[PDB]
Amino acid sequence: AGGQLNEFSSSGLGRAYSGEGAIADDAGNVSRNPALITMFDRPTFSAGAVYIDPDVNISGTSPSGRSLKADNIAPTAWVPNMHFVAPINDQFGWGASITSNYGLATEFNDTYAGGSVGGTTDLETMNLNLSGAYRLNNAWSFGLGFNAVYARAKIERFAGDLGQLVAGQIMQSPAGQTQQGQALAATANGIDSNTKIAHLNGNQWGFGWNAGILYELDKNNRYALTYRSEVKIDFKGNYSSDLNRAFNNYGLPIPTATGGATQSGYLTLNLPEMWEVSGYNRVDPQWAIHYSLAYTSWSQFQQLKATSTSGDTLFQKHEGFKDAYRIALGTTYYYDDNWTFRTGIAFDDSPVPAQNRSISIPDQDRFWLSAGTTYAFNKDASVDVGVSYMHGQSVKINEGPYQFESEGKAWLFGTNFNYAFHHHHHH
């Protein structure tokens, strides 16, 4: 939740990402737990993508009387994944992957009446991971990984109906009868709803590490603990606002006006650390259950704040997230040599306290329902197909001069192809 993504594989999608630190039926899980490397005795490849089709809607009425209805404010997304794992020795192995652990997109029409808190909010990240692992004995394995994260981000906000609202208050006040107030009201009326009042964009790399432990009770039952470090992205990018500079320094609740001029802006984005415990139990030749609890330190994300080369605040939005958990439970039906089926459910606690909710990050507690299948063409190759349905609760949002309600759900569809090489690294 809150911009965190779980879509590292399509088999995982069909499980509702349950017990992902503890299952190693394909190469995708190494990205989640590097210790799982020790479960692979030949070079193994997996690649695919998950298509996310959100349906997130906003409703309400502005004090101007304009509707705050906004349908489908969360664009579709295509999240790819690629994974490779290989033994080095009977005791060591390595793996690498390309995945995305964080990403968000919320995009309103630029004439939206609530544009000052709407507009566009986009974050895309690509996690490049290189991992290694060591098997201590039949029971214990340990893994460590290095992550290089590339992030591209953009925020835009627009005037919306603020100009109309301000003109209305001026004209209803004693100032409405003065030359000064009338001049200000004309200026306020002149601010078109699609006037850009903030633009931030930048691209940057950050770095992190991750680690895992695997405990195998036997070949059919294992448990895992993993940690993914925080990743700090220190963007240096562009900031501008098309409002006249004369708007500045009155304490108005709008971003810094720059008369359309671009200047360098700095913003630090913290991608939060995450812990996860997982279990996998193959209770029968044809059946396994798998389950997990994850804890994400979303308290590490406190605000979006862009500052200038003089250290002044250009744009600032308080977020105040809280640490949050995700719990998931799934089962896998190993039907025959070709067919495997799976299903799962999960609950994702929103890291956003009610008072801190915003329409640009329209988040809510989410429930997952998942189903999937894998067809193995032979001992070396297979395809995974997965589908998930996510449903969140409708919530009230109070932001700036506006009151909104938000509702959200999503469909997710994923396909992966898997290939294992006829190749061993024994000594």
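Sequential numbering from 1, following the sequence displayed.
Looking at the deposited entry, does 42-50 or 62-70 carry the larger mean Cα B-factor? Between 42-50 and 62-70, it is 42-50.
Quick check on the record: does 27-35 or 371-379 carry the larger mean Cα temperature factor? In the deposited entry, the stretch with the higher C-alpha B-factor mean is 371-379.
Which one, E107, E124, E319, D336, has the peak C-alpha temperature factor per the PDB entry? Across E107, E124, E319, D336, the entry lists the biggest C-alpha B-factor for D336.
Among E156, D348, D161, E230 - the residue whose C-alpha B-factor is largest in the record: The listed residue with the largest C-alpha B-factor is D348.
For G251, return the chain-relative third of its C-alpha B-factor as stated in the PDB record: lowest, middle or highest. Highest third.
C-alpha B factor of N57, ranked within the chain: lowest, middle or highest third? Answer is middle: the recorded C-alpha B-factor places it there.
Could you look up the Cα B-factor of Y223 in the entry and say which third of the chain it sits in: lowest, middle or highest? Highest third of the chain for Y223's C-alpha B-factor.
Going by the recorded CA B-factors, say which third of the chain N137 sits in, lowest, middle or highest. Its C-alpha B-factor, which the entry lists for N137, ranks in the highest third among residues of this chain.
If you rank every modelled residue in this chain by C-alpha B factor, which third holds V385: lowest, middle or highest? Middle third of the chain for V385's C-alpha B-factor.
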